[PDB]
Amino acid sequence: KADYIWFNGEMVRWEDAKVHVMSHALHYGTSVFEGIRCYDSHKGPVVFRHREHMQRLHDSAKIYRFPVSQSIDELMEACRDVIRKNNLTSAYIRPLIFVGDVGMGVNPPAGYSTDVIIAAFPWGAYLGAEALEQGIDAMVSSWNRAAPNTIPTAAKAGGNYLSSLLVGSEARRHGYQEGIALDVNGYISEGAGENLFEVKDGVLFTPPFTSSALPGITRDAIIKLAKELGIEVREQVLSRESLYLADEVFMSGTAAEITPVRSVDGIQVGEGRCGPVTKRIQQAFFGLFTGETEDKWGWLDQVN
């Protein structure tokens, strides 16, 4: 909840940000969105990997051929505007491009244009306030993630989340904090809404995009940070049993940030606490907003 939402170029009051119930996206899942985070840092409010997220928004729209009238820079300026206009120092930003009030035909008529929305509001830890220090208990779901050439997993589209809803709800229904999904082959894909990382003998390990894992921006940042710390990273297909033999396992995402997993299916993950490597990575990631970790890549975009 906040005061204004950027809607097609205009700052509209949150309560007046309405759309017709016959909007295409409500019926067909025809929307593309992002998850960006604004952090209060040593140099004021800063949007983490702002450009990268807006570029992915365009990429997701490009795969579905959704016409986007706004350039990446326009969207970035609009994003900063929303944060300032609402007087937020830290928040969760949510850009959403959707097919609006067009016909009821699955295929939108030629010459149509999409509606764009950017909402920002403060949001806590996605998996619990105590999830970052003490781990979470995860469960391997009975539902598998989308097959390779069906519904593109590289795109962050609305319709994709019926799957995340099934995987995540099954875990919570049985008392776990999050569910881990396997692909159609029986290999580890990722969590319901976050990438998965293991740690064996001091080595990282993450499933490639071909395991139906979305190319997370946080995932990418962790791989680059790991290389700075001198930790070997391996991007390979992982079996289900590896979760039980791993020394450490954690999840990554914009909302989830870096959450350690202390157990999988009731089987404790070495010690049952946040591990050594996960700790180093957490410190290095959060150190970006304290100044301790030098921003060598230009990941911090000042809101002003």
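Don't overthink the numbering: it's just position in the shown sequence, from 1.
K.L.:
Do the C-alpha atoms of 199-207 or of 136-144 have the higher average B factor in the entry?
P.N.:
Taking the mean C-alpha B-factor of 136-144 and of 199-207, the larger value falls to 199-207.
K.L.:
Which of the two stretches, 277-285 or 20-28, shows the higher mean Cα temperature factor in the record?
P.N.:
Higher of the two, by average CA B-factor, is 277-285.
K.L.:
Identify, among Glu178, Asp81, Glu190, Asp220, the residue whose C-alpha carries the highest B-factor in the deposited PDB entry.
P.N.:
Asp81 has the highest C-alpha B-factor of those listed.
K.L.:
Looking at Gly216, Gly128, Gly100, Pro152, which has the biggest Cα B factor in the entry?
P.N.:
That would be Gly128, according to the entry.
K.L.:
Splitting the chain's C-alpha B-factors into thirds, which one does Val233 fall into?
P.N.:
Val233: CA B-factor falls in the middle third of its chain.
K.L.:
Lowest, middle or highest third of the chain for the C-alpha temperature factor of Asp247?
P.N.:
It falls in the middle third of the chain.
K.L.:
Split into thirds by Cα B-factor across the chain's modelled residues, where does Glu52 land: lowest, middle or highest?
P.N.:
Its C-alpha B-factor belongs to the middle third of this chain's values.
K.L.:
Sort the modelled residues of this chain by their C-alpha B factor and say whether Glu74 lands in the lowest, middle or highest third.
P.N.:
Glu74: CA B-factor falls in the highest third of its chain.
K.L.:
Based on the entry's values, in what third of the chain does the Cα temperature factor of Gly168 lie: lowest, middle or highest?
P.N.:
According to the entry, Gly168 has a C-alpha B-factor in the chain's lowest third.
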